[PDB]
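Only one chain is shown below, in structure tokens, and it's the form deposited in one PDB entry.
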């Protein structure tokens, strides 16, 4: 996946936001997407907590309060497209750092099986031409009698598809 030069450059961010030391019954993974677009452009979409459906394929709609303010602790209600093993997710914004380009959220409830899910998404400048690397990591409980391996495959597949869609949206923005 990540090159040596990408790792090195990305080392302290990964230690700071994307490394976990967990007990059993919980699992994590880290995923990376390269985007051939300025990190200002990528971050302008990543940080828009009220409109995840701009890049998240499986989200049919997202509702926020009439008094919504973009501030740690604000919440959103997302509704999943039809036919899926989940219908809704209730999510809380945990991080919004406009200097470092760090965001994250937690799933506090809803109709789905990704209990105590929390993810962190970070945006990184690379200079070849300016490009961007996005890291996204999550921790989640392993539902009793499911395996850690199926849980990770599920989360990873959704995050990977979302970060691909992010890359296509943000590259089209040039």
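Positions refer to the first chain, counted from 1. Shifts are known only where both forms have a C-alpha. Rigid core: the largest C-alpha set superposing within 1.5 Å between the two forms.
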Chain break class for residue 128 to residue 129, judged by how many deposited residues have no coordinates: 4 to 9
Per the entry, higher mean C-alpha B factor between 117-125 and 22-30: 22-30
Quick note on 90-98 and 67-75: per-entry mean CA temperature factor is higher in 67-75
Comparing C-alpha B-factors across 42, 59, 139, 107 in this entry, the winner is 59
Chain thirds by Cα B factor, record data; residue 9 belongs to the highest
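FYI, the form deposited in another entry isn't displayed, but the following is about it.
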Answer yes if the CA of residue 96 moves 2 Å or more between the shown form and the other one after aligning the rigid core, and no otherwise. no
Is residue 85 among the residues whose Cα moves by 2 Å or more between the shown form and the other one after superposition of the rigid core? yes
Distance flag for residue 134 and residue 85 (Cα, change 3 Å or more) in the other entry: the two residues are farther
Is the CA-CA spacing of residue 85 and residue 161 tighter or wider in the other entry than here, given a 3 Å or more change? farther
Once the rigid core is overlaid, which residue runs, three or more long, move by 2 Å or more at each CA between the shown form and the other one? 6-9, 81-86, 111-113
